[PDB]
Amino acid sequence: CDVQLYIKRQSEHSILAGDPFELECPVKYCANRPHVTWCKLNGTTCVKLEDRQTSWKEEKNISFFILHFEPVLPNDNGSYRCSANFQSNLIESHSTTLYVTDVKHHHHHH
């Protein structure tokens, strides 16, 4: 089989700071599961993530490498990418863009 990452071009999500949320990077493989990581884009560099962290959920013919936001903070705004090392090669996914609304400082007047 061919390894590949299935994030759609211009993927975006709109979520509330304060709620929990997961991003799911769909990974295709068959033989050995590849080492996957997530990173947030800050311009030129994609800085890797490790503090509030990741996990796998495996489905029939496609698995999901999951970045957990527990809860989502206001500063979690921005673009995110997963990368997969398989047999020395590297697959760079389309980024997905989180638009977090700061519920604390957001007010309905009505």
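Residue positions are given as counts along the sequence shown, with the first one as 1.
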Looking at the deposited entry, does 63 to 71 or 42 to 50 carry the larger mean Cα B-factor?
-> 42 to 50
Ranked by Cα temperature factor within the chain, is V27 in the lowest third, the middle third or the highest third?
-> lowest
Relative to the other modelled residues of the same chain, rank the CA B-factor of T101 and answer lowest, middle or highest third.
-> middle
Sorting the chain's CA B-factors, does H108 end up in the lowest, middle or highest third?
-> highest
